[PDB]
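# Once you've seen the sequence and the experimental structure below, I've got questions.
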Amino acid sequence: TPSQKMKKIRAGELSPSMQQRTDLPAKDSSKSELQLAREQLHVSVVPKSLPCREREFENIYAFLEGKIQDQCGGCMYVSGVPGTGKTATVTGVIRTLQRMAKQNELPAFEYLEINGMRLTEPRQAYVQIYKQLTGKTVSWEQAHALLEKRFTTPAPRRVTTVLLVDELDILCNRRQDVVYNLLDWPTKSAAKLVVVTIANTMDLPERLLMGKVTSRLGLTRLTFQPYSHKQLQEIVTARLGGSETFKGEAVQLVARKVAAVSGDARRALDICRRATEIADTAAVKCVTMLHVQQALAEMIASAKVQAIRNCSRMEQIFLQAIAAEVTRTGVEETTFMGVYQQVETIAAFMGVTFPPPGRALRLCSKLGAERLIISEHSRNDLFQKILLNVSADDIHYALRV
Amino acid sequence: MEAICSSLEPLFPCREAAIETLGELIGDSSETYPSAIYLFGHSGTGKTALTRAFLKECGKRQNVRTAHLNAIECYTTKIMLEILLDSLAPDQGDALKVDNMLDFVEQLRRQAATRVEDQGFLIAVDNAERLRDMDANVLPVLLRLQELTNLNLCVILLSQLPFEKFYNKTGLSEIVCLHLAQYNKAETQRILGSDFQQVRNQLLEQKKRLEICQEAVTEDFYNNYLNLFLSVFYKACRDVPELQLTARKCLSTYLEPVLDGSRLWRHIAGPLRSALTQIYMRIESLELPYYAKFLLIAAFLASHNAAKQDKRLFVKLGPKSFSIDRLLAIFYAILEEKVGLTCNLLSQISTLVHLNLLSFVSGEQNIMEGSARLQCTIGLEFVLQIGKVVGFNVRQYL
Amino acid sequence: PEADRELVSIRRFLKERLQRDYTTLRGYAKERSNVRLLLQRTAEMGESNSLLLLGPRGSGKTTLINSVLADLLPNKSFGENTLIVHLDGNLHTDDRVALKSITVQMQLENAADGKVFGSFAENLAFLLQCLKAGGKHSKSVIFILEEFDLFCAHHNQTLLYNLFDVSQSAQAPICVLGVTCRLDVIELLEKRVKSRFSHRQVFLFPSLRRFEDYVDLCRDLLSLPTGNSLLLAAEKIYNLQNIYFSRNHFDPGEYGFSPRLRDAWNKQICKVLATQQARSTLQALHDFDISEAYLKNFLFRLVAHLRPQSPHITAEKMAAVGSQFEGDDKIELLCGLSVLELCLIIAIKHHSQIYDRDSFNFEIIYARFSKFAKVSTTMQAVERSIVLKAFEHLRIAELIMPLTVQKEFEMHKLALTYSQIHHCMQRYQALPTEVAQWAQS
Amino acid sequence: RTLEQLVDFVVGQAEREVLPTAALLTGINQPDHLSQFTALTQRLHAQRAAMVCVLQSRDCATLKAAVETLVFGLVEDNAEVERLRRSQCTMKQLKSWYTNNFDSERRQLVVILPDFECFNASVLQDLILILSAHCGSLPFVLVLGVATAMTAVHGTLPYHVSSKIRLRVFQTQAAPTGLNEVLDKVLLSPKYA
Amino acid sequence: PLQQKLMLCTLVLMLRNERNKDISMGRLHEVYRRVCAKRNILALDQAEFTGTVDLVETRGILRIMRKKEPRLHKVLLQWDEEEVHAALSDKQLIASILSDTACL
Ligand SMILES: Nc1ncnc2c1ncn2[C@@H]1O[C@H](COP(=O)(O)OP(=O)(O)OP(=O)(O)O)[C@@H](O)[C@H]1O
Ligand SMILES: Nc1ncnc2c1ncn2[C@@H]1O[C@H](COP(=O)(O)OP(=O)(O)OP(=O)(O)O)[C@@H](O)[C@H]1O
Ligand SMILES: Nc1ncnc2c1ncn2[C@@H]1O[C@H](COP(=O)(O)OP(=O)(O)OP(=O)(O)O)[C@@H](O)[C@H]1O
Ligand SMILES: [Mg+2]
Ligand SMILES: [Mg+2]
Ligand SMILES: [Mg+2]
C-alpha cells in the first residue's frame, strides 16, 4: 500500500527512483565535432580545475583546511554576482578536501549542504540538515531539538562537519532565528561546525542581518568579481579544448559582448551553444563570426520595434496618440479621454475613421496585454491611466523608418 | 435547431431575431459551439428568462448538460465550481469534492466520451459583472473552458453592461457579443397584449356583471386600454415587468364604467396619474420621544446652519459635519427648558444613530474622546413636521 | 432532400475547422523548426535546454506547441524516452498546486493515482531528490509553462528557480518551455532565475500584417480541401489518437465532399472574395485587429448563418456581420433608456459642458432637470422619487460612475463622451421635440 | 391581529421570479418586538406551514456570513422542530436538504430581519438578489422589521433590487397607545392593592 | 562592466543636473539610450537594463524601491558622487558623460 511506502520514504529506506529510458543512449563515437563542442560547451559540464579562479580556490582551501586541522569551527561568507563561479569553486575545494581525507592526508570530516531557495520555509533548514545526517524526515521542531542535542553536547569522538549554505538571503526573515542558530552553533566548543555561506550581495551582513548575527558572521569574507573579457574567453577556450571548431575572433566577440553586460559565465556558455546550433543548420563545420553575430542578436533581444511595426493600423494610431498626449500635457501618465481626443485628431488628419471608445478600450487592453503600454482594468473607462511602456522614440523609429 | 426556435417563439414575443441567433450559435448539439457568448441588455429585456428557457429546452430535446448560475451567490470560487460540477456531472451525490480551478478542469476532462452521442455542455452565468470582482483567474479561464477541457461546451454570460467593462490587465479571449435591445412602444404593446386570454379568463371567473363583461372585453378593447396606458406610462419607464404590474391594477380600476354602465379616458386618466406617482414602489409618520425630536432638529440645525453662524443665532452641496458637543450646545440653545444631562439623552443620541437618522461620517472608534463627527440624514419637510407637532418653529432659526 | 444535407455537412465541417483543429498551423517556418529541433535534441541526446515562446495574444503560440508535439510524439523514440508535464499559470495558482500536479504527471512514488501524500516541503524535497538521482540514462521531462508570467508572481519563484536549476546541473535532462504573452517577462525574473535562464527567446509576431495575406488566409479558412489532403490529415490525426487535445479533435475523415461540390463552393468563395464589398469589410477588420482569432470569430459568425434557404456566402452577408462588429454598444444601451433618463443625461451633459467636466450630484442634476420640467408641458407631473430611481438606473448601468455620503449627495462622473450622447439624440426613436430642442441648447 | 395577518400572508404564499416579502411597520423600540417575532415563529410552527430563520444584524457583516447564518438557522430550526459546521453552510446544501425532506410533501422558508435599519445596505441588497435567484426552486418569504417608515425601505432598495420584490405593508400599534392601554388596564385596575 | 559604467554615469548626471531625485527606471533608461546613441554604442533594451541595474544593486551603490511595474521602480543612489568617481576609475568617460546636459 502507498501509505506504508510513504512511511518508508520518511524513514529514508526506499530510494527516490526515476524512470529509465527504453532505448539505450547515443554513443560518443557517433557524435560530430560540432556535437562534441556543443556538449562540452554546456553549463552542466563543470571542469575538474576551474580556470581563472585559482586565488579564490587557494583562499577557501586554506580556510577550510585550517578549520579542519585545528578542530575549532567558525564561519565564512563568500559573495558575488551570479555566474561568477562561487558554488563551483566551493564544491571543488570540498571535493579536493575529501580526496585528501580519503588518502589520509587530512582528518576525515562530514559535509552537509543546503540551499536557501530549495526550501519552502526558512525553518526547513533544520529538516534538511538532519535529513543529510541520518536519512530520516521529521518535523522541524524535533529536528531542531536533535541538532541542538548533537552540537551543544560534548561527545568524543565527534567528527568535523562542514555546512555549506547557498542563498543565505532566503534564510533571513524578520525574526532571524534560523540564521542565528546556524551561525551560533560554531561558537560553542562542543560543535566542530564550520559554516560557509554563499549569497549574492556583498553588504548582506549589514543590510538585513541584525547586530549579533553580523557579529557571529565574522569578517573573514571573500568576493567573486565579475569575469573580464580575457577571463571569459579563457573559460570558453578551455571548454572547447584543442578543437578548431570555433574561430578565435568569435570567442573574443562573445567574451567582449557578454563581459560588458554582466560577467556571467552561463551567458557566454549559452551564447556559444546557440552559435554552434546556428552553425549546425548552415551545413558548415566551423563557427565563424556571423554565426556569433546572429546568436548575439537572438540572445540579447530587443523586440519592441518589431512589435510596434506588426501592430495593426488603429493600434499604431493609438500608440502615436499616447505619445502626442505625453508631449502635450508634459506628464508621462495620461488618462484615456485625452488619448481618445488625440486619437480622433490623428485619425482625422490621416484620413481614416476610428472605432468608437469601446473598441478603443479593446485596443488599449490588447496593447496592455503585450505590455507595450501600462493600463488599468477597463471597469473605469475614460478615466483609466495609461502609461507608455515603450519609449516615444521607438514609436517614431518604427512608424517612420 | 428549429425545434428549439419553434418552441421559444410563442413564449417570447418580439424576440425572434435573438432566439434565431442563439439557435444559430448553440442550437444544434452535434455542431460545435463557440467558446463563449455574451448577451447583454437592459433590465426587463428578458435575458435570465430566455437563457433559462433555452437551457431547459436544449436539455429536454438533446444530449446537452446545462448549468445556470448566479454570480452573486458565488462569494468564493469554490461555490461556483461546486454548483458547476454538480450540474455538469449529475448524480455524483455527496461525494463531490472540488478544491480549485485545476481540479474542476481535471474532473471536466473525464466527462468526454465518443463522438457518436453528440454531447454538449452549456453554462449560463447570470449577473456576470461580479466575475471581475473575484479571484482574477475565473473570467480568463471561463472564456477558454472549451479549449481547456477539450470538450464541446459554451459559457454564456449575462449582464447589463457592455463587454468593454470586462477587459483586465492580462487580456481576454474572443467572445460573441449579442445585444438585447429594449422594446419600443409597439413591441411593448404586443407583449402587454399577449396575455389577453389570461386576462379574460381571470376576469370571467370573477351575476349581471359577468354577462356585461363577456359581451365586450375583447381584443380591441384591451388594445385600446393598453394604448391609453402606454400613452402616459411609457414616458417614465420602458420596463416590461413594471408595466405589466401597473397595467393589471389600472385595468381593475378602468373596467368600472363598462361593468356598471373615448368616454373612458378621463375616468381612468385621473387614477392613471395617481398611479404614475407611485411607480417603482412595489407596495401592494415617524413617532418619536420629545427630547428625541429636539435632538433631531438640533442635529438638522447643526448640519445645515454654517457653524460660524452659531455665535449669532444661539448665544442670545452637502449636509455639514458636526460634533456631539456642538449638537448638545444647539440642543441646550433651542430647548429653553434646561433638562439635566443624564444617561437617557446621550442614549437617545446613540439610538438615533442606530435608527439611521444620524450617521458617522468620521471617527467612530473614538466616539467618547471628542474627535467623532456626525451628520444629519433627513430633509427639511420632516423637520418642519416635527416643529409642527412640537410647537417650536424651525424657520425662525433656519 | 439531399441538397439540404450537403450544406449541413459543409457548415459542420467549417465550424469544426474554425473552433477545433488544434494541431495544424500556417506559416512560422523558422520558429517551429527551432522549437522542434530543441525538443528533439532534448529527447534524443539528453541535453537540458530552456525556451521562451513570446508573442501577442492571438498569435499561434499554443498551436505551435501542439503542432511540434503532434509531429514528435508518434516517433516512439520521442514517445518512449520522454514524459511531458503541462502546467498552466491560470490553473496552477501556487507552487503547492503546481508541485502536486508535477508529482502526479511524472508518476512519482508518492503520487498513487492522483492523491499526493505529504506536505509542500516533502513534495519539493522528493521531486528534487528524484531529479538529482537521475542522469543521461533517465527519461527526459518536458515542462510546458503556459501563462509563464504568472509563475513569476509566486512566492520567491521557487518553482522557476528549481526548474531552471535542474537545466544547468548534471541531472535528469529536462526542458523548460515557457509560453507567455508579455514581451518583457524576462525583467520579472530574479537575478538568479535570470542567470540560470538560457536567454533564447522565440518571438511569434504574426506574418499577416499585409492585407493580401489576410485575404489569402480568409480564402484558405473557407475553402473545402481536396480529398487527398483530407486523407493525409485524417491519417495524421489517427496516428495521433493511437498514442491532452487528441480526444475531441477535428477528425476530418468523417467528412467527404464530391468534387462538384468542392469546385462550386471554392468558385463561389473566390468570386465573393474578389468583390469590393467583401474586401472593404475585411479591410475594416484588418485595420482593427490582424489577429487570427478575430478573423475566426468573424468567420464563425458568418458560417453559422448558412441556412438551407440561403446556401451561399455572399458579400452582403459579410457586410452585415462586419456592420455587427463595427458598431458601438453604449449607443445601443443609450437608445434603450426612457425619456426621463435621457433628460437626466442631457442635464448631465449640460452641467459637464458648462463647468468643464466637473463632478455632479443628484441635487444639481435634479435642479437642472426641474428647471426644464416646469416649462416642458410633457414632464410636469414627475415625482422626485421617480427621477431618483431613474438616476439609480443610470448609475447601475455604468453610464454614471462614482468618484472611487448619502445616496442623493454622492459626487459622480459621466462615463460617456459628448459625441455618444449626440449620436443617441439622432438614433432615438419617437423622441419628443421638446427634449430634442432642449438637447441643442 | 397583526400576527393573524402575517400568518395568513405566509400561508397564502404557501397556497401559491419575485420573492414575496412583508414589511412590518413596527415601532422605535427594537427590544420589544423580538417577542412578536417569537410568537410569529410559534404560530408558523404550530400549523407546520413554514420554518423560520431569524437573521440579526450582528450576524451579517458580510454576504458570506449572512448566507452561512441563514442556511445554518434554517437547518437547525428544522432540526429543533422534530450538526453542520458553519463553513459548510452553503445554498446548495440548503437546496439538497430541502429536496431530501419537504419536496415529497410546500413548507415556506420565512426569513426574519428584525432590525432592518441596522443591516449593511450592500449585504442586504446582495442577500435579496440571492433569495430572488432561488425562487421557484426554494420558497422564500422575507418578513421585515422596519422601524422608522416605508421611506427607509424605498430609499435603501435601489432600482434593480426592488424590481424583484412584492412587498405588503402591515402596521403595528404605536407605543403611546400600548402605554395608555397598560396604564388604564393594569396600573389603575382595582384588583391590585 | 561597460554598461554598468554607462548606467552609473547617467545616474550621476541625472542627479547632478536635476533637483528632483525621484528617478524611475524608464526615465533613467531614456537618458541612458541617448548617452549610448551619442557614443555610438548599441544600447540595451528595458529588459536587459533592468537586470543591469539589479546587478549594480548588489554592490551597494544603489537601492531599488520596488513598485507595481518594472518601469516605475525607483533608483536611489546610496554612495556619494566622489566614491562613484573613484570606483568607476574611467574619468575620461565620466567627464565626457557629465558635460553632456543636452541629452537629458
Ligand atoms: N571559472 C570557470 N571556469 C569554467 N566554468 C565556469 C567557471 N565559472 C563558472 N563556470 C560555469 O558556470 C556555471 C556557474 O554556476 P555557479 O554554481 O558557479 O554559479 P554561482 O557563481 O554559484 O552563482 P549563483 O549560484 O548565485 O548563480 C557552472 O555550471 C560552471 O560550469
Ligand atoms: N419579450 C418578452 N415577452 C414576454 N415576457 C417577457 C419578455 N421579456 C421579459 N419578459 C418577462 O419579464 C420577466 C422578467 O424578465 P427577466 O427577469 O428575464 O429580466 P432580466 O434581464 O433578467 O432583468 P435583470 O437585468 O434585472 O436581471 C420574466 O418573467 C419574463 O417572463
Ligand atoms: N499561425 C497560426 N496557425 C493556425 N492557427 C492560428 C495561428 N495563429 C492563430 N491561430 C488561431 O488563433 C487562435 C489563437 O489560439 P492560440 O491558443 O494558438 O493562441 P495563444 O497565443 O496561445 O492564445 P493565449 O495566449 O490567449 O492562450 C486559435 O484559434 C488558432 O487556431
Ligand atoms: Mg550557487
Ligand atoms: Mg435576471
Ligand atoms: Mg494559449
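Sure, I can see it. Numbering: from 1, shown residues only, chains lettered A, B, ... in the order given. Ligands and ions are numbered 1, 2, ... in the order given.
# ok, the residue of chain B found nearest chain C - contacts?
Per C-beta to the nearest C-beta, the residue of chain B with the smallest distance to chain C is residue B:182, at 3.6 Å. Where C-beta positions appear, they are placed from N, C-alpha and C, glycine not excepted. Residue B:182 makes contact with B:41-42, B:44-45, B:238, C:336, according to C-beta atoms under 8 Å, 6 or more residues apart in numbering or on different chains.
# Tell me how many other residues crowd the residue of chain E found nearest ligand 4.
Nearest residue of chain E to ligand 4: residue E:58, at 14.1 Å (C-beta to the ion). The tally of other residues near residue E:58 (other C-beta atoms under 10 Å in any protein chain shown) stands at 19.
# Give me the distance between it and residue C:358.
50 Å (C-beta to C-beta, to the nearest Å).
# Taking the contacts of residue B:182 together, which two end up most distant?
Largest separation among the contacts of residue B:182 by C-beta to C-beta: B:41 and B:238, giving 11.6 Å.
# Of those two, which one has the most company?
Legend: neighbour count by other C-beta under 10 Å for residue B:41 and residue B:238, higher for residue B:238 (26 against 21).
# Can you list phi and psi of the more buried one for me?
phi -110, psi 10 (degrees, to the nearest 10).
# That one - nearest residue in space that isn't next to it in sequence?
residue C:338 (5.0 Å; C-beta to C-beta, 6 or more residues apart in numbering or on different chains).
# Now that neighbour. Its backbone dihedrals?
According to degrees, to the nearest 10, residue C:338 has phi -80, psi -180.
# which residues touch it?
B:234-238, C:390.
# Check which helices and strands the strand or helix carrying residue C:366 sits against.
According to DSSP states H and E, residue C:366 maps onto helix C:362-373. Helices and strands touching helix C:362-373, by 3 or more C-beta pairs under 8 Å, 6 or more residues apart in numbering or on different chains; DSSP states H and E, are helix C:339-354, helix C:384-396.
# closest to chain E out of those?
Comparing the helices and strands packed on helix C:362-373 by C-beta to the nearest C-beta, helix C:384-396 comes nearest, at 29.3 Å.
# Any part of the closest one near chain D?
Yes. Applying C-beta under 8 Å from any C-beta of the partner chain, one finds helix C:384-396 touching chain D at C:385, C:389-390, C:392-393, C:396.
# Dump the residues you listed into JSON lines; add neighbour count and distance to chain B as well.
Formatted as JSON lines, those follow (neighbours: other C-beta atoms under 10 Å in any protein chain shown; distance: C-beta to the nearest C-beta, whole Å):
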{"residue": "C:385", "neighbour count": "16", "distance to chain B": "7"}
{"residue": "C:389", "neighbour count": "24", "distance to chain B": "4"}
{"residue": "C:390", "neighbour count": "25", "distance to chain B": "8"}
{"residue": "C:392", "neighbour count": "20", "distance to chain B": "9"}
{"residue": "C:393", "neighbour count": "25", "distance to chain B": "8"}
{"residue": "C:396", "neighbour count": "17", "distance to chain B": "7"}
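# Generate JSON lines for these, with distance to chain A as supplementary columns.
Shown next, in JSON lines, are the residues of helix C:384-396 next to chain D (distance: C-beta to the nearest C-beta, whole Å):
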{"residue": "C:385", "distance to chain A": "29"}
{"residue": "C:389", "distance to chain A": "24"}
{"residue": "C:390", "distance to chain A": "21"}
{"residue": "C:392", "distance to chain A": "19"}
{"residue": "C:393", "distance to chain A": "18"}
{"residue": "C:396", "distance to chain A": "14"}
